[PDB]
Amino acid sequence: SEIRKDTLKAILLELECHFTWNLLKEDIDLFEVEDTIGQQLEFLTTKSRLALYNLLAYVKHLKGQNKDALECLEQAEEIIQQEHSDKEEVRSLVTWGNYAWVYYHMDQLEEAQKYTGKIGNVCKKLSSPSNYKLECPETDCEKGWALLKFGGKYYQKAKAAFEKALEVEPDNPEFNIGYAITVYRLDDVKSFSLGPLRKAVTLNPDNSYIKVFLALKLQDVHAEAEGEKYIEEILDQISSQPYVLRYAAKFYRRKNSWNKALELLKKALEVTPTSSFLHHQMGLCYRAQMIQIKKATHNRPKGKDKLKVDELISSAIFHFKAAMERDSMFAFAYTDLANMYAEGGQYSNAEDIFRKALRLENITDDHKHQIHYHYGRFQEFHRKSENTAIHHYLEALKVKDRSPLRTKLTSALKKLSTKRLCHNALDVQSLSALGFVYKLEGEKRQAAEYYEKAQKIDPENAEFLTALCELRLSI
């Protein structure tokens, strides 16, 4: 019954849980996010797992695995009853909301209704100003973690949420970890997060997770020795924790300690061998060492150095391929592989990989942006095909017009267009590109001038029509 389903849905929309927090699947690589959560769950004391489990449920639902979501929620509830607490029913609200939603998506409306009933009973007994939600620091914290896990588009939101929690308990250890981590990811380099991370470490003395990020930030601001002291402080504790291991390995990698990084990444991979992220990290290690050697030997490594370089290239390729095999949506692996091929002169291979990458549909717009950027670079400096380079820089801008890559893209587009003017009138490609760039930079008259020509050459082009229709609104 559509009527009953919508009637229930109206209530579901009032709840506080992952299903009402605007966490768009399009914004993430589902398999990566699932991998990340699984890694954070490893050998983690059960108590600290609640939020993870709730989030994992939502993620399993996003993957079309509602039963696995049920399993995750069963685990979350068990964690809740394991804490024996007089904050129990309150602590169960998110889990219950997720239950209600998951049962709704399984067309099992009465179950869902049971959970909305429990939630409503709790809200009424506590005389909440809302019928199906309850103002709660814990819930703000949980939402903070969910947002943070959905990536760069959500960091500001995450910060807001942690701050709300922090407004109630400013010295709560967990809230402080979430806030500090969020400001850390926002730092990507700035170091606004240094104070917050120091405080978070102070409030969580035996927590490896927060210390590794303090170490990474200390490294960022050229306080390497202190950071390394933190890393050594957590080494023994993290030997079964792939998630912390990979950041410790990152610290070592950035310090050029290749074998230390590889040692930790190998332990991590032994915990979670299905991980694309971990393979990709290994490949990055091999690659960085190879680059360091080529640099030192002025691009002519001899003897042992030569052997080592070959071996490193093969290892890097191996790991980027492993990462692609474990998650076809893991875009960084494709572009790193293709770029390594391109550097070695292997243009046919680079092209195979790039083409696979350009044909992926269900990846995020950020990844697509970057893929187009890299393929355009490949076209400009290796193929020497300025037209295709223009096409892809343009695509990169269309998909995501305000990123750290915006100036590179716009300047490159202007430069390549001007180079087109050396012997020929502008192609429709270059005209389109300049129209786009100038419209984006605010030069509406010039943009309009370029689109007029683009149109005159291609009269039925819907893009030029729409651009002109829009531009004629101005001034």
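The first residue of the sequence shown is number 1, and the count goes up from there.
Gap check for residue 188 to residue 189: 4 to 9 deposited residues are absent from the model. A summary of the deposited B-factors shows that, of 130-138 and 389-397, the stretch with the larger mean C-alpha value is 130-138. Mean C-alpha B-factor is higher over 444-452 than over the other stretch, the pair under comparison being 444-452 and 27-35.
Taking the PDB entry at face value, the top CA B factor among 240, 204, 176, 299 belongs to 299. In this entry, the residue among 56, 70, 431, 62 with the greatest C-alpha B factor is 431. Among all modelled residues in its chain, residue 314 ranks in the lowest third by Cα B-factor. In this PDB entry, residue 339 carries a Cα temperature factor that places it within the lowest third of its chain's modelled residues.
Annotation for residue 17: CA B-factor lies in the lowest third of the chain's modelled residues. Residue 248 sits in the lowest third of its chain by CA B factor, as recorded in the PDB entry. Ranked against the other modelled residues of its chain, the C-alpha B-factor of residue 307 as given in the entry falls in the highest third.
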